[PDB]
Every structure is written in structure tokens, then in C-alpha cells.
Amino acid sequence: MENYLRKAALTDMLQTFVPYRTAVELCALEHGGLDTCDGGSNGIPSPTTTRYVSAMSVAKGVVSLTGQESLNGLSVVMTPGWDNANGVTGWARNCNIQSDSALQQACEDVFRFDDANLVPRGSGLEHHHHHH
């Protein structure tokens, strides 16, 4: 339930992302593009792993964290939005761990996500059958 020690670790992991957020915003602001916000280009450092970091990728400002801490098998998908037309500019968080709901309990605590601020994830059904 609590898991404060691991939680604070995940908190620090999130706190490590915080500085990079500015770089993400700088990218989208200066280059006017989310498309330029990839790891290893546009001033954004190349995707790498620190001692505690297991894996992380940077794609169009979106960043996936994989097997981080006890959350082995789990992948967190941080999806920043930059849509002035939708009045939205924030980071959407999602925990994808299919085999271990227990790990989700830990990640969702720090990476907590509101219904409106989570990127939708589904099994097998991602394609939208609109063209009939």
C-alpha cells in the first residue's frame, strides 16, 4: 500500500524528468515543433541510462520509461501535449504493466494520472473503425 521507500525512488525518477521537461518545452517553443523533440537532437541529450535508470526513450517529447526500479516489465508513457487550439499543454502519464498490477500501484502513485491527462491504452483495439 504505502511503499514509501520505493515511492520516493519513483518520485526522484520523476524529479529527474522535471529538468528535461524544460528542454522539451524549449524544444517545442523554439523549434515550434514536438516533432523535433527527439533524444539526441535539437539540444536534447541522447537517450541513455544513469546508474538507477533502467531504460528510457525520447520520441517527439514523449518519453517511455521501461523496467524502472522494482517496476521491471512495466513501461511508463509520458505524453506531453502542445495544442493551443485545445487549450492543452501538459504531460500525460500512463502505466503499462500487463503481468503485474502490483507494480502499477507503485508507479501510478507518483506518475498519477487523471482521466483527462492520461494517454489511452488498449489491448488489440487501438485502431478506430470509422471507415465503414
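Described in the following lines is the structure provided in the data block.

Cut-offs applied
- Residues numbered from 1 in each chain as written, not as in the entry; some residues may be left out.
- Heavy atoms only, no water.
- Buried < 20%, exposed > 50% of the residue type's maximum accessible area, 1.4 Å probe, protein only.
- Helix = DSSP H or I, 4+ residues; strand = E, 2+ residues; numbered from the N terminus.
- Arc of directions from axis to C-beta.
- Contact = heavy atoms within 4.5 Å.
- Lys, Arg positive; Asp, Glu negative; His and termini not counted.
- Salt bridge = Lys/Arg side-chain N within 4 Å of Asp/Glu carboxyl O.
- Polar contact = N/O pair within 3.5 Å; in protein donor to acceptor, adjacent residues only side chain to side chain.
- Disulfide = S-S within 2.5 Å.

### Comments concerning helix α2 (residues 101-110)
For α2, the complete set of buried residues consists of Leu103, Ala106, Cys107 and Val110. When α2 is viewed along its axis, its buried side chains cluster within an angular range of 90° and face the same direction. Every exposed residue of α2 that faces more than 90 degrees away from the buried side is listed here: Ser101, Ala102 and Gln105. Contact partners of the buried residues in α2: α1 (4-30) and β5 (95-96).

### Notes on the side chain of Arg93
Examined against the element boundaries, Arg93 turns out to sit in the loop between β4 (91-92) and β5. No salt bridge is formed by the buried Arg93; its nearest oppositely charged neighbour, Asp114, is found at 4.9 Å. Looking at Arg93, its side chain comes within polar contact range of the main-chain oxygen of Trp91, at 3.2 Å. Sequence-distant contacts of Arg93, that is, excluding residues within four places in its chain, are made with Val77, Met78, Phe111, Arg112, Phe113, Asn117, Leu118 and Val119.

### With respect to the state of the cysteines
Counted under the stated rule, the structure contains 2 disulfides. Between the sulfur atoms of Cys27 and its disulfide partner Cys37 the distance amounts to 2.0 Å. Residues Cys27 and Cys37 are joined through a disulfide that is left-handed, its torsion about the S-S bond being -105°. One end of the pair, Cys27, is in helix α1; the other, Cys37, is in the loop between α1 and β1 (56-59), with 10 residues separating them in the sequence. Note on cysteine connectivity: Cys95 is disulfide-linked to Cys107, with sulfurs 2.0 Å apart. Separated by 12 residues along the polypeptide, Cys95 in strand β5 and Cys107 in helix α2 bring together distant segments of the chain. Comparing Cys95 with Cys107 shows no difference in burial state: the two are buried. By sequence-ordered numbering of the bonded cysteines, the chain has its disulfides arranged as 1-2, 3-4.

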